[PDB]
């Protein structure tokens, strides 16, 4: 079985779906690895780096899509790639099918077998392929929040950690999942006074142990949310409700009572955002004004650090890539329930009940295609 990796084609998507380490492991097990020339340059992975690991480098995207039985990507296929979808191909990437009926229809019409990184789910409820991206997005959230607090960036002009005798920035992280924990940790590492809110007290209990009380924890009632947001210099919205679209926790009305020049970073913006006035924005123009405060809602944040996030993503996908490459989609999903929960399409059948509800489309029970 051939494994193919094309260059990512979306705007500012610098990541790549495999590293030389993954190539060497695939090549070692007797698989051809086809990589489009330049696919890894955005992540500081040179064409020579891939070749030396055993990859057969290919000049165009067309040949990768055409010759690969298992096609690894980072983002969903865009319109220019629908014509490349094939019936005898397994596509393994971030899909976000509920957000695109056109992508969903393209996969279905193609008959291709697709598996979504973000719904791969282990028995304990975790999402091991989304998690490294949530980790990166959290840590980024603190450092872009820090930057935009500078007066030269429209912020209040407050240094994250203060200096001796001067007040640190007051940072509120909403949500203590993978992303919020990581945002809280870096914001606290920078010297800020960090308060993390959640409705799951056990998550608060972990934070209280891990930083010995230094990261403050508050139960996330509507009252407590309003109070802390009013006093904050930087608000990080980290409520990434799995599958569900993010609730609007910070209304534009509450934004108008915020400190002037306060900064809001929404790292749930790949799910519509957890602020009311959040709209997906880009890396060139990152911020916009909401009642004399600054909103940051850049989507696909981990792509801005592709050297980090390409490795974080593909370290996590590699064992599923090996199972797929060695056994094919059906046996691999039979053996591994976590991989099965990512099954999205196969031969015109939509296999995700959540997507199928959200779009109004025939839902095929995943058991029918596997057993």
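Residue numbers count along the first chain shown, from 1.
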Tell me which of 280-288 and 113-121 has the higher mean C-alpha B-factor in the deposited entry. 280-288
Mean C-alpha temperature factor, higher of 97-105 and 127-135: 97-105
Entry record, C-alpha B-factors for 151, 231, 84, 73; the maximum is at 84
Please work out which residue in 336, 27, 43, 317 has the highest C-alpha B-factor recorded for this crystal structure. 27
Modelled-residue ranking by C-alpha temperature factor, third containing residue 88: highest
Going by the entry, which third of its chain does the Cα temperature factor of residue 310 land in? lowest
Thinking about Cα B factors across the chain, which third does residue 201 belong to? lowest
Divide the modelled residues of the chain into thirds by Cα B-factor and specify which third, lowest, middle or highest, holds residue 224. middle
Among the modelled residues of its chain, does the C-alpha B-factor of residue 185 lie in the lowest, middle or highest third? lowest
